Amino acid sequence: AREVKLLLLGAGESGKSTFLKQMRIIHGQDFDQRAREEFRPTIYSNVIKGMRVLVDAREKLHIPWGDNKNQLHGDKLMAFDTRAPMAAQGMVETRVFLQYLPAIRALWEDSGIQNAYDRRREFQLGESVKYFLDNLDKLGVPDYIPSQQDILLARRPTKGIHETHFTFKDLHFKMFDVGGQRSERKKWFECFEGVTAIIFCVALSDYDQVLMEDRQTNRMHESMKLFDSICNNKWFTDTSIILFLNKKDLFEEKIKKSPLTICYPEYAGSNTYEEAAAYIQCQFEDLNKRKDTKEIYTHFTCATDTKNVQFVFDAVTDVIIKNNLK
């Protein structure tokens, strides 16, 4: 009766872990000041490495500088050693971060580097590096403490399975977070036992991006393939399957400029948030071979927004209850 096992799934970078943090923030132990600090060395590591990619992108994509003076700033950054002990762990000390801030601020205001970021759809880069590069000010202070939103926007690749417990609406939730990458999926099968519900996350923002395992496969294309295998698994015939179309904030601003035909050559519709988003949702629910028996509970979320996550999760719990304790 009151024992619930939930599985967070989806392809890589869809927002799964961002969700856990939201859960911890709204239900479990919300992040203490000291907890947030732990996210500092990683935030500085998203910034510096994100930039490393931009500067490499500029030279590779052949984007003329906006100031040739910043070429000496570019070297300083390429010099950064990423295989060192702490940097390998995806961490960067304040002492050293502050040693690059000057070159980062300059390279960030450069026009050439900006045009590179605008063409990011051609190389692996987390669009959360932009949120930090615009806040270099609050980050350049002595003792900087990540805010509640900074933690959520922080990035860290997840490998393996991560279990979590918490009580909400008198139900004992056993929430598991996994890694989405292809090599990470084999580890999934160790959790297909007695699943009460599955929340398959998808990122609307990458219908124009490629996988990082093979820079030649549409992310959104993999998400659909991955969903068709889960949603139709004999292990989940009696499991409530919730689908989260995440990153609606980034998509709503994405369609306007880059087209959606980059993913659906047959999409004859318009580049509207309402019309395109409604198109994608059908792209998925259609993969359902058991449209009669199996039901999919779709939702448009924004994992980084707490209020939205709290609203949507409350609607997800009411579904789990009606489908079991009836």
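Numbering starts at 1 and runs along the sequence shown.
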| property | result |
| --- | --- |
| Mean C-alpha temperature factor, higher of 204-212 and 71-79 | 71-79 |
| Mean temperature factor over C-alpha atoms, higher-scoring stretch between 62-70 and 275-283 | 62-70 |
| Highest-ranked of 190, 127, 122, 249 once sorted by CA temperature factor in the record | 127 |
| Criterion, highest CA B-factor; candidates, 154, 242, 220, 171 | 171 |
| Third of the chain, ranked by Cα B-factor, where residue 110 sits | highest |
| Third of the chain, ranked by Cα B-factor, where residue 142 sits | highest |
| Residue 132 - which third its CA temperature factor falls in, relative to the rest of the chain | middle |
| Where the record places residue 183 (Cα B-factor, split into thirds across the chain) | lowest |
| Among modelled residues of the same chain, the CA temperature factor third for residue 94 | middle |
